[PDB]
Structure formats: C-alpha cells, structure tokens
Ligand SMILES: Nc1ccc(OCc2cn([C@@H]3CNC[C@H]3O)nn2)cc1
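Given as structure tokens, the chain that follows is alone and in the form deposited without the named molecule.
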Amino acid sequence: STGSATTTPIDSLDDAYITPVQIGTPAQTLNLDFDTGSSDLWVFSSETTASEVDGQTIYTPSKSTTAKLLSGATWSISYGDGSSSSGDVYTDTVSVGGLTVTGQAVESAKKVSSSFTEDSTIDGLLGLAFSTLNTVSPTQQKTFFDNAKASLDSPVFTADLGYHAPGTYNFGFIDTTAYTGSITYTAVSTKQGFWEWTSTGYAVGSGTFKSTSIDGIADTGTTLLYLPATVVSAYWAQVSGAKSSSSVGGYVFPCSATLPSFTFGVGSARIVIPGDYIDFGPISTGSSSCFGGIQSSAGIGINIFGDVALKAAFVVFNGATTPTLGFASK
C-alpha cells in the first residue's frame, strides 16, 4: 500500500504545516501537524476542556462506530517549545492520503496548553519519530508509520515541504519526479528516539564550505533551524545590522536586509537554503526588526534541522530495519 497527502502552511510565514487526516467511521477529518520529532498522535476532542478549544475541529469518539476506549491508558506530553497536552486514549481507524491503519492509538486531549488553544489551524499532532518516545501509559503505543510500515510497498515516508506553498507527505514510495539529482542517504541514530543524523558542515552565502560534524535531528514539527552558536554567529555576521536580542529571544535583523543563503552538508552532497527562507518577518506587527530563521541551539541541548532546512530538500525517512535519512535537492 501507499498514501499521499498534501501538507499546507498554516500562515504566510510557514510557521507549521497541516495535513488532513481521516479518523473514525464515518470519517472525521482533522488537520494535523505531522511531527518527525515526536511520537504521539493526539487530537482536540469532545473531551477537551471547553475553554481550551478556540476554533479547532474536534474528534468525537462517541460518533465513530470503530472507536474503542483503550482502558486505563493516559498520555501527557511536553514539547521543546514549552507547550503541553494530556488526556486519554482511543483506538480507531486512521487514514492519511488513502493509507489506512486500523487500531491506531488516537490520543484524545482533555487538556492542552495555551499555545495550542491559540492556534485555531492545528487540530492535533501526528508523531513520526520512533515509537520509543510515545507517552501513552501504562502501555506505550505505536506511531501511525510504525503501524503502517509492514503493509507499505517500501518502509519509508517522505517529506516535501513547500516554501510559502503546499507540499506533500508520501508513505510507502519515493516519487522520483519530486526532486532533482540524486538522494544522498546518511546514517541515523535512534538512541534518543529521533531521526538523528550528522551533517558534514555548512557554508554561508557564497563562502567556503566548512567541513565539521553537526549532529542534529530532522524535525518537521519545529519551524526554525537551530544550530551551534558558532555556526549561527557566522551566518548572522554576514547580515548588516543583525544581532542577538535577549529580549526578543534570538537573532533579529533589519527587515530591509537581503539575507544570504545557508548550505548544509549531507555526506558529500549540499542542500542550499535560499536566504528568503530564513526571513520570519517583523518581530511584532509594523516593526522593521525581523526575526531570523537560523537560531542558536545552545539552550536546547540538541541541534534541530526544522522546517527552514527541510523545506529546501526532498527528505526520505527510511524506516528499514536499520533506519537512514535521505536528502535531495528539488
């Protein structure tokens, strides 16, 4: 089997991407944030505290003839941005882009943190990291991809995120028309539950490539590119007037600037992030100070190849017995 679904930016900055997901019988379609940095499929629901729902579409398990309460199971998650959610668990039929999993754990939110409530466009998350990170207790549950894998034509999914435009998540096949050149594959460590890999270095603009190992995670659920402070300083030094602002929370730059590209290495291959992908717009409405798309990871504990990096590539998440990642230009 295969599946193919369009993923759409939630706003004009590409802050996140939403993909329609069919849950239950008859189908209830919710727009979920596919997140290769986490492993829970959770949704706003008829159980979510009413004051914490503000425009999201909800899953109502009582209206699904295939929903079954997973007795005794609860979940609770906290994300790297400080947001969180928790609740109980159903199993139900879940379909993405024509690919159907029966008995998928659907984690129904009883509580969500304010950042979720305040984003009416995201109805939940669909985790695509390794199932070892799934938070369901007392019996950990499998991700949608883990449940689908054995049925897929090939045990892979691909992320093809657009810049200011829709893109595609495919399951079970490589669309060889969706990228240019070849796909360069690179080793993955699953020891932390992430799609963790090592970039071979970077360049700023037309500058020379610096060969250096940068361990980080491929994370579709993180907007920005978080890299070591040395690398980030080297990038922003090429933007006149850019500076790190403690009060804003990162590097800012004059909105009048033209940003240089940023290249990262995948083995001997190179992925070029155009400068425009690094502009996240005014820090507040009407400001001439703009927020940068490359930020320091120093306070995170891990480097994160988020959407800024991934949307410059066609990315293969190869879930074979020994997982690997592939990157191609497009």
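One rule holds for the numbers: they count along the sequence shown, beginning at 1.
For this session: Take the C-alpha B-factors listed in the entry for 78-86 and for 236-244, compute each mean, and give the stretch with the larger one.
Result: That would be 78-86.
Exercise. Which is higher on average in the deposited entry, the C-alpha temperature factors of 282-290 or of 46-54?
Worked result: Per the PDB entry, the higher value belongs to 46-54.
For this session: Name the residue from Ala159, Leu152, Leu225, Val106 with the greatest C-alpha temperature factor listed in the entry.
Result: That would be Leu152, according to the entry.
For this session: For the C-alpha B-factor as written in the entry, point me to the maximum among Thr168, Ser199, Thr177, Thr230.
Result: The record points to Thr177.
For this session: Using the B-factors in the PDB entry, rank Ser113's C-alpha atom against the chain and give the third, lowest, middle or highest.
Result: For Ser113, whose C-alpha B-factor we compare with every modelled residue in the chain, the answer is the highest third.
Exercise. Should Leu126 be placed in the lowest, middle or highest third of its chain by the C-alpha B factor in the entry?
Worked result: Lowest third.
Exercise. If you rank the chain by CA B-factor, which third does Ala298 end up in: lowest, middle or highest?
Worked result: CA B-factor rank for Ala298: highest third.
For this session: Ordered by C-alpha B-factor within the chain, which third holds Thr143? Give me lowest, middle or highest, please.
Result: For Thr143, whose C-alpha B-factor we compare with every modelled residue in the chain, the answer is the middle third.
Exercise. Which third of the chain does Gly319 land in by C-alpha B-factor: lowest, middle or highest?
Worked result: Highest third.
Beyond what is shown, the protein has a form solved in complex with the named molecule; the following relates to that form.
Exercise. Is there a non-hydrogen atom of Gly205 within 4.5 angstroms of a non-hydrogen atom of the named molecule in the deposited complex?
Worked result: Flag for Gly205 set to no.
Exercise. Is there any non-hydrogen atom of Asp219 lying within 4.5 Å of the named molecule in the deposited complex?
Worked result: Within the cut-off, so yes.
Exercise. Taking heavy atoms only, is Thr168 within 4.5 angstroms of the named molecule in the deposited complex?
Worked result: Because a heavy atom of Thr168 falls inside 4.5 Å of the named molecule in the deposited complex, the answer is yes.
Exercise. Given that the partner is absent here, does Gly80 sit within 4.5 Å of the named molecule in the deposited complex, heavy atoms only?
Worked result: Contact check for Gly80: yes, within 4.5 Å of the named molecule in the deposited complex.
For this session: Scan 296-320 and write down, in order along the chain, each residue with a heavy atom lying within 4.5 Å of the named molecule in the deposited complex.
Result: Residues within 4.5 Å: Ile300, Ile304.
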